[PDB]
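> Provided herewith is a single structure, encoded as structure tokens, for subsequent inquiry.
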Amino acid sequence: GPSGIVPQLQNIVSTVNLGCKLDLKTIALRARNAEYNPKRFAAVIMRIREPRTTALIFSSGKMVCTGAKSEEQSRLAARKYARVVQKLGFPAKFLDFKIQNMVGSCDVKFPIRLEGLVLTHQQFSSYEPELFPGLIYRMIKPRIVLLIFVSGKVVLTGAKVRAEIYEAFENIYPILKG
DNA sequence: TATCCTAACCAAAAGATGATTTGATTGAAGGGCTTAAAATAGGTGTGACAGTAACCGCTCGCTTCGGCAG
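Counting in our numbering, the first sequence runs from 394 upward without gaps.
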């Protein structure tokens, strides 16, 4: 059963279609929050604290936002940037909101001997202590990629909802225990 | 006496004994990484493609140019 520690989400990734053409130079000229460094990259990157997130905008009318701790928080930040662009003088719309990725982490509070895991799980676990200190495991159900360390803490990514993170956590937990 | 020993002590070499100063070490932090994922947005150089390109031991047959012929 559960060890009493829940996987806390660390990140959320989401995108929405603004539905109109925008001028990045105009945004950099008007908005009190903007980049335009075309010498490096022709784009504008936002960020707000409530929710704590970073978003990025193009002239093509797409938005990519990331940084929240919950999917609904990410959507709130997305709608905040949509409001900002609407009051920037652009006819922005909050259309086709899609959630792309999230990151979570947890712990088991006992040491992990990676050698046994690689010896019994090499077919899906990649161990290489020379470059990346931890161990890499790719999980199929659901499409999750997992990082495991000796300290017992685990990083989970590749899901679309917190339920997937929890379910993968409890799938791996017996393996971590033994 | 002329000179010395070497107990107990004075002047100097050396031989040693602990406290202090300087050469040397490092503990922790500035720092600046890692793959792992997911994503739109992009610029061009370049590196395949493909083509011509260039450079790099014994015994017979066949032939000629004079010495008499015509």
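Beta carbons are placed, not taken as given, at the ideal position from N, Cα and C, and that holds for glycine.
#1: Look up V409 in the DSSP assignment and say whether it is helix, strand or coil.
#2: On the criterion of 16 or more Cβ atoms from any shown chain inside 10 Å, does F562 qualify as buried, or is it exposed?
#3: Taking the CB atoms as reference points, tell me whether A475 and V409 lie closer together than 9 Å.
#4: Give me, in chain order, the residues of the same chain whose beta-carbon lies closer than 6 Å to that of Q479; leave out the 5 immediate sequence neighbours on both sides.
#5: Give me whichever residues DSSP pairs with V457 in a beta bridge.
#6: Looking at the strands, I want to know which residues DSSP matches up with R531.
#7: Alpha carbon to alpha carbon, how far is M456 from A427? Give it in angstroms, no decimals.
#8: What's the C-alpha gap between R472 and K570?
#9: What residue does the beta strand (DSSP E) around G394 start on, and which one ends it?
This is what the structure holds:
#1: Along the first sequence, read from residue 1 onward, the residue named residue 409 stands at position 16. Strand at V409.
#2: On the first sequence, residue 562 is found 169 positions in, with the first residue counted as 1. Classification for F562: buried.
#3: The count along the first sequence starts at 1 and reaches residue 475 at position 82. The count along the first sequence starts at 1 and reaches residue 409 at position 16. Yes.
#4: Within the first sequence, the letter at position 86 stands for residue 479. These residues qualify, in order along the chain: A485.
#5: The residue labelled residue 457 in the question sits at position 64 within the first sequence. In the DSSP output, where bridge partners are listed per residue, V457 has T408 and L449.
#6: Start at 1 with the first residue of the first sequence, and residue 531 comes out as number 138. BP columns for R531 point to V538.
#7: By one-based count along the first sequence, residue 427 stands at place 34. By one-based count along the first sequence, residue 456 stands at place 63. Near 14 Å, if we compare the C-alpha coordinates of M456 and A427.
#8: The residue given as residue 472 occupies position 79 in the first sequence. The residue given as residue 570 occupies position 177 in the first sequence. C-alpha separation (whole angstroms): 43 Å.
#9: Here residue 394 is taken as the residue at index 1 of the first sequence, counted from 1. From DSSP, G394 is part of no beta strand (DSSP E); its letter is neither H nor E.
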